[PDB]
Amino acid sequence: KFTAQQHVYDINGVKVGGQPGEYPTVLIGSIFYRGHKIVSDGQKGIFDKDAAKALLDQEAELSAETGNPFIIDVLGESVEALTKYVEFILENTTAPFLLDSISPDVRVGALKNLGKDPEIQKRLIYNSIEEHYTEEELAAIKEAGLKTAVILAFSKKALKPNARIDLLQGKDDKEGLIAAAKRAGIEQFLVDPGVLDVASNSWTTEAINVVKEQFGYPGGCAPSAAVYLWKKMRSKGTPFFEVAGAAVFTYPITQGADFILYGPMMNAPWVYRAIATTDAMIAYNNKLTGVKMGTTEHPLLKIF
């Protein structure tokens, strides 16, 4: 059980945060990622709409089965592509989503094209406020009137958990990422300390623990990239890769984390089954922790 009064956000019907066993893990699957074969042109954002819809339908079915809510990680390599992807997601699901690109210029460009829209303000989560943030980026977020952002403390200048907290809360001549998000008018913070590699997922998880301990903001991480770059384990094939992935993805949840970016949506069928299992065992512990479930839509009441 965490020290701070926990912040539970209601993002267009998706509950995220709280004490462990209060609300199920929110699962965040990636679509239109680099090399996603349903995309025929990554620059123009041309993709198989039926294949994309099938992924979204599968996510909704798995969510209905386990009770784990979903937010879609919408990735784009161009302003043109990401704008079209967001328009498609708005129309073809009711779920909230991450506006996601490695390029800040692509994120800001996309946001400018969407303008001032209450639906965007309710459903779009900015991924992310990170170490390279600019005043133009914060201004673009404020102009869009966004209220929820992923705060990413991924940095090779902040390896240890307490260094990642310094990045988040500020230190010396740096305001920190939370303060930067507040100046952009963000009021809801999904804190992601980043995953440098598989073994350091324990440090990611310690940073999540400190955030929930001191600030009470929802904590999560994105270990998919680290797992896919694990050549020795990925070489073994199915089901060895999946069970190793399951061990990495569930580890933060066992230590009280709130959400997981689990990588490509094609992996949802096994990720949901593994994460639902961990959630069920944690919630069964509620009597010992002094916690009450916040919803009847929980794996513990669904998967057995």
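One rule holds for the numbers: they count along the sequence shown, beginning at 1.
- With 110 to 118 and 146 to 154 compared on mean CA B-factor from the PDB entry, the stretch scoring higher is 110 to 118.
- Once the C-alpha B-factors are averaged per stretch, 61 to 69 and 246 to 254 rank with 61 to 69 first.
- When the C-alpha B-factors of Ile208, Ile102, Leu98, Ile129 are read from the PDB record, the largest value belongs to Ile102.
- Residue-level temperature factors show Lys44 in the middle third of its chain, judged at the C-alpha atom.
- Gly294 sits in the highest third of its chain by CA B factor, as recorded in the PDB entry.
- In the PDB entry, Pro269 places in the lowest third of its chain by CA B-factor.
- Among the modelled residues of the chain, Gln19 sits in the middle third by CA temperature factor in this PDB entry.
- For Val79, the recorded CA B-factor ranks within the middle third of the chain. Only modelled residues enter the ranking.
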